[PDB]
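Here the protein sequences come in this chain order: L and P. When the letters of the first sequence are read in order and numbered with UniProt numbering, they come out as residues 1162 to 1208, 1212 to 1448. When the letters of the second sequence are read in order and numbered with UniProt numbering, they come out as residues 71 to 300, 439 to 497. We put the beta carbon where it would ideally sit given N, CA and C, even for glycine. All remarks here apply to the structure that follows.
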Amino acid sequence: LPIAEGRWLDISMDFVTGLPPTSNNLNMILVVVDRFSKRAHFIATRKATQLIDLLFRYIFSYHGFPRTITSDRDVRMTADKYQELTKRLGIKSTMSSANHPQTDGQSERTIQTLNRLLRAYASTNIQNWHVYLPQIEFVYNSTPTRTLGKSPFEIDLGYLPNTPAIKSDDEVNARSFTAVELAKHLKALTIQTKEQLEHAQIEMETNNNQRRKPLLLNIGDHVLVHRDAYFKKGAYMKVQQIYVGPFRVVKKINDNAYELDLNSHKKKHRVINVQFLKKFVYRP
Amino acid sequence: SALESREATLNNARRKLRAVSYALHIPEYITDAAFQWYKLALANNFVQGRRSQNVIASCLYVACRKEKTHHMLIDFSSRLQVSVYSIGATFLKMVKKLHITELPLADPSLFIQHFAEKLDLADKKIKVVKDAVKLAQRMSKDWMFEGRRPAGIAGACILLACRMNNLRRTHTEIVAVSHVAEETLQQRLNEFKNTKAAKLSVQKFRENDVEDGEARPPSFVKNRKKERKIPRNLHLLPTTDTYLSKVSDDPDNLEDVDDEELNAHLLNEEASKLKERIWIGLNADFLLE
DNA sequence: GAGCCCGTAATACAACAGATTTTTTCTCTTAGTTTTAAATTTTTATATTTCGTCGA
DNA sequence: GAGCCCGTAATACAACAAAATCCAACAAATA
DNA sequence: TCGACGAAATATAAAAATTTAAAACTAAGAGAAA
DNA sequence: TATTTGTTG
DNA sequence: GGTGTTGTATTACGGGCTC
DNA sequence: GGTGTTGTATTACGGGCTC
């Protein structure tokens, strides 16, 4: 993904569908972490209704409205009622394709870290983890990461409130005292965190693309989709033959995907990331 | 849900409205106002049993009329058989139901600026349209055009402007888009010829046109005198209850109508079989259903 | 070094790791219900439209 | 070269990849 | 080929009085898809 | 003796 | 427009000593 | 006693030419 802009403008959205239920008021955990600062959040839903915009609004609008939402094609976010709200308000939607959760990313990596944290705080205390969920997000917020090297409080306005001890390169370290000069401090943090995000991007690209062969077609081919995101995710995979027909491509929607003319009723989506294509080649 | 059922109906309304607007060539805000009027119509327990094109045509017309424009009901009814006056009747019914307020004026000056490009066009498009609206502005204040089909008065004013100016065009070709009968058209033309002295008709009409009074509409001439020549007091207003009490509704009053009616209330029974012959001849299968 | 052709031939990389139903909203599609307004008559004076016909 | 301590500090490697039902079938536990 | 008239179509406000859609409104039924 | 209930491809 | 991404043991590279 | 293992595109290394 493109790295960032000013703070709290790109937001990653996903959630795990089911947990061992609490007392019958809460069922699953939704997360909001911004692409820039990776700030944890505690959205505890009920596996939901069209009132998603209520809880989501109450928990991001604490900070403010973003520019784009990096999420999956989930029905609570594909959500024609909710999408028109974003089009009117001025919020884009990346909407990662069917069974390709890699784009969500920061939220997926956070729920990876949240799962370990939730296991740590609810090993002997199942069925009431909603009390510990703010502790989960506060612990995630106070712990520095690796790809940025700073705590997500420090990536934002740096006001780690606990202050058990002063960090290295001891200074005033009290951003409450600063009143008008916060602009230069946020500019400095933005510059160093932007170059750190670029460093994380290039490091990821180096350690991943050692074998990733590119595929650049962009027009006029007869590509396939090998029975993943073509049929249902709930459709069972077995020793049944994989004989998906030769489809067609009409548009280059992105560098790493191509839209297809799915010869079905609608298939409800036509965006296929390159991890399912395996371009078909004919012969006269 | 209750809110779920509204969305499909509104989507169908939007699809039909956009389908008609694709042939009507109306701007976006007119369609937006039409859709909000359709929402108001559904909020007023929308008239069921009506054809879909009627209500969307009424909403489109009231939206295109709320801002001064040029579209006419014939354009709404221009698909090979539509029966325009039924659409007009549905619109008239929806006037009271939707309770239209701040009614728009009926002035044919904007009609000419749209009729100019099709029939009787001009090289600069400044002369004939301005001449027609200039003559129409003063012909309106003479109390002659009152409820007389604004398309017809617009076409008549265009013909008058063509007559006073120089334009080699066919007289009968205007009925392609104007859709006005020739009888009322020539009636309005020679009405203008009667009400004008024709002092400088060949060059250019009079530049100071003032007719204070002095003229009457033709319908006033027809039925003011109510014939052919070739703040009252409340006591002067009697109640009609005494008229109903004058005729007796008594059960025994069955013989007060003897004015040879008693001999001829019904057909005679001697000709009942004679009637029945031609009845079973013709009016026989008309009853078996 | 410096590259090239081509002909063999090693070479890390990934699939086999029980498979299926549910769970919670959403979104077309397609058949059944409900409320309501409308197709042919009297009719009454008013007016304008559009045919329809007639005349010199 | 040759190795060692120590102190940072990079570094590929794998986990988030929806959740949870059983299917068929061994053998323990009562009553 | 301009003038001269006849005449149905509407509104109109009621009472009415049998059939005809007819479009909102529910409600399966499939198909997505984390 | 039928209905359970631990664990495992 | 729209398409990975960090936590984690594990391991590699400079000051200071022996040369 | 008892605990990975090959199919597959992909890529690396010798004879023969130019040096």
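{"Asked": "Keeping to the same chain, check which residues put their C-beta closer than 8 Å to that of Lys1397/L; ignore five residues upstream and five downstream.", "Found": "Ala1262 and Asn1263"}
{"Asked": "Just curious, the beta strand (DSSP E) that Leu1191/L is in, first and last residue?", "Found": "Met1189 to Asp1195"}
{"Asked": "Near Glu1272/L, what residues of its chain come up, given a Cβ to Cβ distance below 7 Å and the 5 sequence neighbours on each side ignored?", "Found": "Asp1175 and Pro1265"}
{"Asked": "With a Cβ-Cβ cutoff of 8 Å, do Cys227/P and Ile182/P count as a contact?", "Found": "yes"}
{"Asked": "Counting Cβ pairs closer than 8 Å, one from the segment 235-253 of chain P and one from the segment 210-218 of chain P, do we hit at least three?", "Found": "no"}
{"Asked": "Contact between the segment 117-137 of chain P and the segment 153-170 of chain P: three or more CB pairs below 8 Å?", "Found": "yes"}
{"Asked": "Under DSSP, the alpha helix (DSSP H) around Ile488/P begins and ends at which residues?", "Found": "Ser480 to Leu490"}
{"Asked": "For the segment 86-95 of chain P against the segment 112-119 of chain P, do three or more pairs of beta-carbon atoms, one drawn from each stretch, fall closer than 8 Å, so that the two count as touching?", "Found": "no"}
{"Asked": "Look at the Cβ atom of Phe262/P, then the Cβ atom of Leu230/P, and state whether they are nearer than 8 Å.", "Found": "yes"}
{"Asked": "Might you give, ordered along the chain, the residues of its own chain that have their beta carbon closer than 6 Å to the beta carbon of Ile1290/L, omitting 5 neighbours on each side?", "Found": "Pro1181"}
{"Asked": "Can you give me the C-alpha to C-alpha distance between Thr160/P and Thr242/P, rounded to a whole angstrom?", "Found": "32 Å"}
{"Asked": "Roughly how many whole angstroms lie between the Cα atoms of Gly1228/L and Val1194/L?", "Found": "13 Å"}
{"Asked": "Strictly by DSSP, which residues pair up with residue 1211/L?", "Found": "In the structure shown, chain L runs from 1208 directly to 1212, leaving residue 1211/L without coordinates."}
{"Asked": "Using DSSP with H/G/I as helix, E/B as strand and the rest coil, what is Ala1205/L?", "Found": "strand"}
{"Asked": "Between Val1344/L, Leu1381/L and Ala1201/L, which lies nearest to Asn1279/L when the distance is taken from Cα to Cα?", "Found": "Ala1201/L"}
{"Asked": "DSSP on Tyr1422/L, reduced to helix/strand/coil?", "Found": "strand"}
{"Asked": "To the nearest angstrom, how far is it from the Cα of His443/P to the Cα of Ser480/P?", "Found": "55 Å"}
{"Asked": "How would you label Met1368/L, buried or exposed, when you count the other beta carbons within 10 angstroms and need 16 or more for buried?", "Found": "exposed"}
{"Asked": "Which residues does DSSP pair with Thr1232/L in a beta bridge?", "Found": "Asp1171/L and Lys1256/L"}
{"Asked": "Just to confirm my understanding: we take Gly1322/L, look at its own chain, exclude 5 residues before and 5 after, and list those with CB closer than 6 Å. What are they?", "Found": "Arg1339"}
{"Asked": "With H, G and I counted as helix, E and B as strand and the rest as coil, what does DSSP make of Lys1416/L?", "Found": "strand"}
{"Asked": "Taking only the alpha-carbon atoms, compute the straight-line gap between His1433/L and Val1387/L and give it to the nearest angstrom.", "Found": "16 Å"}
{"Asked": "Of all the alpha helix (DSSP H) runs that stay within the bounds of the segment 107-189 of chain P, which reach a length of 4 or more residues?", "Found": "122-136, 143-146, 154-168 and 179-185"}
{"Asked": "List in chain order: all unbroken alpha helix (DSSP H) runs of 4+ residues lying wholly within the segment 1314-1357 of chain L.", "Found": "1316-1319"}
{"Asked": "Write down the C-beta distance between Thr1234/L and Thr1267/L rounded to the nearest angstrom, noting that I regard them as a contact closer than 8 Å.", "Found": "6 Å"}
{"Asked": "Got a sec? Which residues, its chain only, sit under 8 Å from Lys1431/L by beta carbon, not counting five neighbours each side?", "Found": "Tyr1394"}
{"Asked": "Within 8 Å, do at least three Cβ pairs link the segment 1409-1422 of chain L to the segment 1376-1390 of chain L?", "Found": "yes"}
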